[PDB]
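Take a look at this single chain, the form deposited in one PDB entry, given in structure tokens.
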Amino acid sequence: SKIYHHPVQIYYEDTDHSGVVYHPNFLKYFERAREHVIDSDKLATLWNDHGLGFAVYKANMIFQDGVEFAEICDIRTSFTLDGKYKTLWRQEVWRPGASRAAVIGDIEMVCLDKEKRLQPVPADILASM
């Protein structure tokens, strides 16, 4: 895919008392950013037409710098097809002008039927990206 961009602002809800973003939250921001790549309409169409859904199977996170209250960051997201069944997503939290990401995620998503068996990703949901 191309690199998608999704802005995230850090609010009170995002920080803990150590004074930085509470680390589990980054996976939430990554999930949000993915919802802008494969939106709810696409997911609903996949479910109704094909009986398929995507699930996160693995998420490997590297936390490289603390992020403060009131920062606006850019979530950079791209994915590749890995065979018929799996999508591998690279997601990164960036600051303007930085030379490296604050947080990196490698996310593996599988395409499952209602019997929780792997099924090929249909061509139509992939087509726009």
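The term rigid core refers to the most C-alpha atoms you can superpose between the two forms while keeping them within 1.5 Å. The first residue of the sequence shown is number 1, and the count goes up from there.
In what follows, reference is made to the form deposited in another entry, a form of this protein that is not presented.
S.K.: Once you align the rigid core, which of 88, 61, 102, 43 turns out to move its Cα at least 2 Å between this form and the one not shown?
M.R.: It is 43; the other listed residues stay below 2 Å.
S.K.: State yes or no: after fitting on the rigid core, is the Cα displacement of residue 23 between this form and the one not shown at least 2 Å?
M.R.: Residue 23 C-alpha, core-superposed: shift of less than 2 Å.
S.K.: Verify the C-alpha shift of residue 112 between this form and the one not shown: is it 2 Å or more after superposing the core?
M.R.: Yes; that C-alpha moves by at least 2 Å between this form and the one not shown.
S.K.: Would you say residue 7 moves its Cα by 2 Å or more between this form and the one not shown, aligning on the core?
M.R.: Comparing forms between this form and the one not shown, the residue 7 CA shifts below 2 Å.
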